[PDB]
Amino acid sequence: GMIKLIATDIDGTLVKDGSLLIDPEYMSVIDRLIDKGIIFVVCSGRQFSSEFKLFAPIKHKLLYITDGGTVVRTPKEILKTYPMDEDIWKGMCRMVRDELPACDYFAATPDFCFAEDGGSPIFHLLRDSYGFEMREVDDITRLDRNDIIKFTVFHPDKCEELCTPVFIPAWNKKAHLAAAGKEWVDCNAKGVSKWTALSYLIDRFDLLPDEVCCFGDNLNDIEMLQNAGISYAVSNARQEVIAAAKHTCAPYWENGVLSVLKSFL
C-alpha cells in the first residue's frame, strides 16, 4: 500500500510494438487503482496522440510522458517540455546539410514533424505507414519555434557511420544523441530521459522514488527500474533490464503487467 505512483512504458511491455489495441481489462484495473488514489503515468517513446488513443476509455485520468521524456502532460495541458535551444537544432541542421549531404534530417515538435523533402521514400513511410503528422517546409533553419523536441538524421544504411567522424563528437556534449539501427541518429536536449521526466512528476506530487512502481522492457528503462522502489521487467527483456528491475513479470502476450497490477488491488 506504499505505492503512490505507477509508471509503465507501452511497446513490448503492455502490447506488441506499435499496437493500437489493448485489453479492456487493463483499463478497468488501472481505473480501479487510480480510484484507490494511485497516480498512473504512461511513460513512453510514443507521441501523445498515440498514448491518448490507446488509453482512450480512461484517458482523462492519466498522466503522460511522451517522446521518450521530452514532454510531460495532463490530458488537458502540458506541464513541462524539454526543448532544444535554437543554436543546437539549427546548428545540427546546418551541419548535416553542409557536411553530411548524403543524409536527410527532421525536426520534431510534440505535435508534428518538419521535413524539407516530402517526396522521399522515408517521408512516405513516416507519414503513410507510421501515421506521423508531417509538415513539409522549404528550410527548417528559417522556422521560428520554441518546441523542437527532437532532431533526427537519416540515411538508408550508414547513418551513424556518417555521423561518427564529426557530427557525434560535435554535439554529444551539448545534446543527448543516440543511434537507432543503421538508419537513424536521434538527438534531444541534453539531460533528457524517461527518468528525468518521471522525476519531475514525482517531485511535483511531493513523492519519493521509493513510492514508485515502474514497468519496463528496454535498456532505456534501466534507470527508472533501478530508481523506483519497486519495479518489473517483462521476462522476455534483456538480461540487463531484468537485473535492473526488482522483479519480473510475464510477457505482454501473457498479459504479465496486468497480473501485477491486479495484485495491487
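The deposited coordinates for this entry were obtained by X-ray crystallography, with a reported resolution of 1.800 Å.

**Let's talk about the overall build of the chain**
Summing up its helical and strand segments, the chain has 10 helices and 14 strands in all. Over its C-alpha atoms the chain spans a radius of gyration of 19 Å, differing by no more than 12% from the 18 Å that the globule rule assigns to 265 residues. Principal-axis analysis of the C-alpha atoms places the extent of the chain at approximately 55 × 35 × 35 Å. Summarising the internal contacts of the chain: among those between residues at least 6 apart in sequence, 57% fall at separations of at least 24.

**Remarks on the nonpolar core**
Counting 86 residues, the largest nonpolar core has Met-84, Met-92, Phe-151, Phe-167, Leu-198 and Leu-261 as the members making the most contacts within it. Taken together, domain 1 (1-82 + 192-265) and domain 2 (83-191) each give at least three residues to this core, which thus spans both. Other than its neighbours up to four places away in sequence, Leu-198 contacts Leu-5, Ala-7, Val-41, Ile-65, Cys-214 and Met-224. Among the nonpolar cores identified, the runner-up in size contains 10 residues, and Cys-113, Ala-115, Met-134 and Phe-154 belong to it.

**A short note on the packing of helix α1 (residues 24-35) against helix α10 (residues 256-263)**
The angle between the axes and the distance between the axes are what describe a pair of packed helices. Here α1 crosses α10 at 30°, and the two axes come no closer than 10 Å. By the criterion of interaxial angle, the relationship of α1 to α10 is roughly parallel. Crossing geometry of α1 relative to α10 is assigned as left-handed. Taking contact as the criterion, the partners of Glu-25, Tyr-26, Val-29, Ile-30 and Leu-33 in α1 are, on α10, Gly-256, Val-257, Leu-258, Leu-261 and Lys-262. Here the contact of α1 with α10 is built from residues that sort into 7 nonpolar, 1 polar and 2 charged.

Conventions adopted
Residues numbered from 1 in each chain as written, not as in the entry; some residues may be left out. Heavy atoms only, no water. Residues with missing side-chain atoms left out of burial classes, pairs and counts. Helix = DSSP H or I, 4+ residues; strand = E, 2+ residues; numbered from the N terminus. Rg over C-alpha atoms; globule rule 2.2 N^0.38 Å. Contact = heavy atoms within 4.5 Å. Core = buried A, V, L, I, M, F, W, Y, C linked by side-chain atoms within 4.5 Å. Buried < 20%, exposed > 50% of the residue type's maximum accessible area, 1.4 Å probe, protein only. Domains from an automatic or database assignment. Axes fitted to C-alpha atoms, helices over the stretch in contact; angles between N-to-C directions. Parallel < 35°, antiparallel > 145°, perpendicular 65-115°, else oblique. Left-handed = near helix turned anticlockwise from the far one by under 90°. Nonpolar A, V, L, I, M, F, W, Y, C, P; charged D, E, K, R; others polar.

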